[PDB]
Amino acid sequence: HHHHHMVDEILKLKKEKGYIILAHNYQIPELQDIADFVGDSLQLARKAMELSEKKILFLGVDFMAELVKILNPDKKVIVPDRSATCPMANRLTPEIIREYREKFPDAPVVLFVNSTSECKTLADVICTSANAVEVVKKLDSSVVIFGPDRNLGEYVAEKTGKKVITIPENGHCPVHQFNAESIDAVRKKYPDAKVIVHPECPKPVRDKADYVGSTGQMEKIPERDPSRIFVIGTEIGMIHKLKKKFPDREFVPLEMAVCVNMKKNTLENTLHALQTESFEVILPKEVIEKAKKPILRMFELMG
Ligand code: SF4
Ligand SMILES: [Cl-]
Ligand SMILES: [Cl-]
């Protein structure tokens with residue numbers, strides 16, 4: 001009854017106070033269901049650019065809320081838990097970027113969107129899981145600096161044939177460290193299922209999958225693949241999203257994988273956020289201006 005109370009009050013306050021709710025794919029299902037749009041980080045930031053509303057309640061982690069703010073600088077962006085963050089992103093530092101630029105000055109700095117806003121001010125181009133191959137393909141250089149995810153960087157090297165210098169050392173997402181034995185098991189249990197895993201997964205997992213793709217790419221695979229069962233190698237929130245879009249398919253987690261930071265957002269603190277209209281995401285004007293440069297370069301490459 002309190003969830004119904006909270007859901008009803010959340011819906012009431014968002015209309016009353018003029019908020020659009022954007023939720024990342026990895027939010028708990030109860031928050032996905034009250035959001036106006038559910039998607040990946042860049043998808044939500046670009047969706048916000050289209051909106052006539054000027055107030056956004058963002059449900060994800062801090063670098064994503066900040067990406068919304070960078071591309072929507074004149075909108076008020078609030079989050080329910082100001083400590084929700086990406087530990088992988090936080091392991092890459094300005095000092096490491098500057099060190100590697102000095103070592104490899106002819107190598108463009110390609111930063112995965114899962115990166116701090118401060119790191120973005122130092123990057124030559126931003127990329128996402130879905131466009132990293134195309135972005136690195138179109139760059140002039142046969143060598144790039146790439147971070148913060150080593151698995152994604154090595155996947156890009158495989159697909160482009162280019163040299164990819166990854167930073168920091170052992171940059172990785174703990175959520176996507178499935179083991180390849182999980183794929184061996186599902187091949188036995190569901191011999192006709194299609195296995196889709198994220199490019200942030202380790203190479204033995206990527207190489208055993210039917211598809212490697214971002215969450216956005218996962219959402220599009222059943223549009224062209226009629227298989228009845230998909231096994232999904234990413235954070236558990238995506239199962240809810242996929243089942244909602246394709247109710248006549250079955251979606252099976254490769255393993256249970258939970259991002260603790262994504263789960264910091266709850267109905268209760270989401271309600272608190274609408275009641276208090278906090279916590280506002282604020283970036284210095286200078287950070288927004290500098291971080292926009294590699295984001296626009298990414299838009300330009302994607303043509
Ligand atoms: S799922 Fe991994 S990459 Fe995404 S926010 Fe959580 S820790 Fe960071
Ligand atoms: Cl704006
Ligand atoms: Cl993520």
Quick one: compute the contact order of region 87-172, relative version, from alpha carbon pairs under 8 angstrom and 6+ residues apart, as a percent. 31 percent
Quick check on the chain: of the DSSP beta bridges with both residues there, what percent are antiparallel, nearest 5%? 5 percent
Efficiency of FRET between residue 12 and residue 83 - r from beta-carbon atoms, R0 30 angstrom, step 0.05: 0.65
Residue among 258, 246, 274 farthest towards the positive dipole end of region 236-303, charges placed on Cβ: 246
Residue separation times 0.36 nm, minus the C-alpha to C-alpha distance between residue 249 and residue 210: what's the value? 12.4 nm
Part-to-part distance (alpha-carbon centres) for region 134-167 and region 248-303, which is given in Å: 24 Å
For the chain, count the residues as N, evaluate 2.2 N^0.38 Å, and divide the Cα radius of gyration by that value, please. 1.00
Assigning unit charges at the beta carbon (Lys, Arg +1; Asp, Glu -1) and nothing else, what dipole magnitude in debye, to the nearest 20, does the chain show about its Cα centre? 400 debye
Rounded to whole Å and sorted largest first, list the principal axis extents of the Cα atoms in region 1-89. 37, 31, 20
Report the label-to-label distance for residue 141 and residue 184 in nanometres (one decimal), using points 7 Å from each Cα along the Cα→Cβ vector. 3.9 nm
Please give the calculated 222 nm ellipticity per residue for the chain, where each DSSP H segment of at least 4 residues contributes -39500 (n - 2.57) and the sum is spread over every residue; nearest 500 deg cm²/dmol? -13000 deg cm²/dmol
Furthest towards positive pole of dipole, 20, 105, 142, structure part the chain, Cβ charges: 142
Paramagnetic reach from residue 220 in region 40-55 [backbone N under 19 Å; point 7 Å along Cα→Cβ]: 40-48
Shape metrics for region 68-184, restricted to C-alpha atoms - Rg then Dmax, Å: 15.2, 50
All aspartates and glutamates inside 19 Å of residue 194 as judged from Cα atoms, apart from same-chain residues fewer than 8 positions distant: 181, 184, 207, 210, 219, 223, 225, 235, 248, 250, 255
Sorted by packing (mean other beta-carbon atoms within 10 Å per residue), highest first, where do 70-79, 273-282, 16-25, 230-239 land? 230-239, 16-25, 70-79, 273-282
At q = 0.12, 0.14 Å⁻¹, work out log10 I(q)/I(0) for region 173-256 with the Debye formula, treating every Cα as an identical point scatterer and leaving solvent out; two decimals please. -0.28, -0.39
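Read the figures in this text as sums done on the coordinates, not as results from a lab. Positions of Cβ are generated from backbone atoms using ideal geometry, with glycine treated the same way; all protein chains shown enter the neighbour counts.
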